[PDB]
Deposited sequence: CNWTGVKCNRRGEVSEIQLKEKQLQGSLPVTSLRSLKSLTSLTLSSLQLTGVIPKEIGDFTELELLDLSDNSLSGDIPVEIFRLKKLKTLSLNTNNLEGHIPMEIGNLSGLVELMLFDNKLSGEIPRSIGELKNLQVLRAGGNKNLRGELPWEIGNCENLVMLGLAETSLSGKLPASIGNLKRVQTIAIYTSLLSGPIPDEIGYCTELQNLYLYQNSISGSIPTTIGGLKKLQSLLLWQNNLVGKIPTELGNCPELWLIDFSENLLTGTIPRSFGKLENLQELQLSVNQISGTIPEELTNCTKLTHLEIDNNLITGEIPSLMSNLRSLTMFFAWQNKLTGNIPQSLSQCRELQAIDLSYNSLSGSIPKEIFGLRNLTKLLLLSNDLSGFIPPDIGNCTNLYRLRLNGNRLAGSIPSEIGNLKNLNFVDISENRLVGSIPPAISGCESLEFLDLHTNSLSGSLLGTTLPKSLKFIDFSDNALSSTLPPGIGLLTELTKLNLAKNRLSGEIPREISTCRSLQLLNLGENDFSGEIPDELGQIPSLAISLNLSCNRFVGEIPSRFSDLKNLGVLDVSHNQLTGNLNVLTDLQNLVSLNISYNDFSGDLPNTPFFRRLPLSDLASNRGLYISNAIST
């Protein structure tokens, strides 16, 4: 009568039942109109007696655990307008008799276990507005031609299904359709030109299919188009110039296709464009200056293409740009200082180009720039002192250039700087003490430079994890202060001029996985405390030095060490201390003064006879 969830007619008969989110279990009045049992965690099949309520205009079974078929009897309900079966375990085909529900408007099948094809019957439903069957992995076959007959369709989505083949030319008859969502599916073949007949189309999402052919020109005649996602297909040919005729277009994603040709000039006419992703294609030509007319661009990603020429200075007119990725192209010329006029830039990646000249200091005045990636170019000149103005810098990669001069002290003003790679450059001088001021610094890669001078523990921040100073001119002694970095994981000092002993303070680096001291002037005796780091796992490289004395007994403790190179030293005595490392994989003992017999165990038998031949007395004794 009046209780909670019940509604009645004017003649006094129960007309409605609504139950939402009550936490139940299990399975489940001929005047009924609306029936909602939803979010009740119900189970079992849908009883086929549902087809007995003839006045039902709404059936919502959504957000349950229901299983089995969608009973054919459900389609006996001739007055049904909404059918909501989504978010269940429902299996089987969508029955042909679905074409019988003459006045269906809403049809929600999404997120189920459904299979088979979509019935040619859907064409009969001429009041159908919304069809969403997506998220059924096994829904297969071609979208039927008859879909063209549902002329009230405003929304179609079939996403994450096995729907395949090519979209039918019939689609051009849906003159009211607004969103088409069929993505992460099996679609192949070309987008039909007839799609340009969908005059109300706003959102077209075809991404992650096998779609082939070229983007049809006809798409330019769609005046209501806002978002176009065609990323990750097989698309071929040139970007249609006519795309620049859709005034309302704010998002274009063509990434990861086979596109060629040029970025079209007509794009300047798109006054609403906020996001352009062309990443991973074959696009040639230069970035057209008219693109700088797109006042609203936040995201520009043109990376992994064939683009040539210079980055235009009129870039300064994009005052909303937060993201610029051109990496892996043929770009040449200077990086324009005018790029510093886009004050919102969060991320710049120009890596893998031919850019040359100085890095303009103005770019370091950006207060929001978190990522600056210029690696692998022809850049040169100094790192500007202005680097310290760039307050939010997080990840900085300058590596693989010609940069000269010394690392400016003002880098120490950057408190958010996490990761810095300046490797492969011409940098000179000392590592500046002020870098101690980068309190967030985790990764530091200076390798393959002309750096020199000494090395102080006071010079480095204790939050360091990865250090690579290799292939430089560094000298004097490894500072005892090295013991203060307790977080240090990989440490690579190789191919330098370093000398003296290994300071025993090394033992207090409790996290150290990798230590490369190779190709230096280190001398004396490998300290016992070097055994004292059980975290040493990945590799320990002491080779090409002047070390003497024996392998300290404590090396029996490094039970995790996979790779050990002591080669090319003056080391003496035998290998017995090593016989017990079962995790030792690679051992290079060659070019030393070792003598004595190795056991015949398979590991020592593995060692190349030529490695034994460069020592004093080493041989395999048979037990």
item	value
Deposited-sequence stretches lacking C-alpha coordinates, listed in sequence order	29-35, 631-633
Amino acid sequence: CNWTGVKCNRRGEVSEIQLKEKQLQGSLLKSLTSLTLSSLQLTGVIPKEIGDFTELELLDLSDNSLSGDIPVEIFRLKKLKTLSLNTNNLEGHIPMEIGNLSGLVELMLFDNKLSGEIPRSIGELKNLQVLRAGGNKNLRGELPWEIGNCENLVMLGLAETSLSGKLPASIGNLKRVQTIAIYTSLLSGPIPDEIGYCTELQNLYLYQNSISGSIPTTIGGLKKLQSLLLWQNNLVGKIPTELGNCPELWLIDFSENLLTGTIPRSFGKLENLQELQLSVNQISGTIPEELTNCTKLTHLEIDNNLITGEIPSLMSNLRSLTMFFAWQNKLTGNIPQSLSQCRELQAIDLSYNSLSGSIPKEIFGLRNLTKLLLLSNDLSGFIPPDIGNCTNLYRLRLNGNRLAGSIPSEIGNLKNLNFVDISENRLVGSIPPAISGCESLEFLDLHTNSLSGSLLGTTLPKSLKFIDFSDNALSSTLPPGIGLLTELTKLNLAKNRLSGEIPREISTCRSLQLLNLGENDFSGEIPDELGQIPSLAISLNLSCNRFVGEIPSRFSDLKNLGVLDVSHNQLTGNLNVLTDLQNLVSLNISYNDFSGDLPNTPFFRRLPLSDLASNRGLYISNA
From here on, numbers count along this sequence of modelled residues.
{"item": "345-353 set against 435-443, stretch whose average Cα temperature factor tops the other in the entry", "value": "435-443"}
{"item": "Mean temperature factor over C-alpha atoms, higher-scoring stretch between 377-385 and 414-422", "value": "414-422"}
{"item": "Identity of residue with top Cα B-factor, from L427, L278, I98, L396", "value": "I98"}
{"item": "Top residue by Cα temperature factor, when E289, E117, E91, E248 are compared in the entry", "value": "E91"}
{"item": "Record-listed C-alpha B factor of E142: chain third", "value": "middle"}
{"item": "Lowest, middle or highest third - CA B-factor, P503", "value": "highest"}
{"item": "Chain-relative CA temperature factor third for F75", "value": "highest"}
{"item": "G103 by Cα B-factor - lowest, middle or highest third of the modelled chain", "value": "middle"}
{"item": "Third of the chain, ranked by Cα B-factor, where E301 sits", "value": "lowest"}
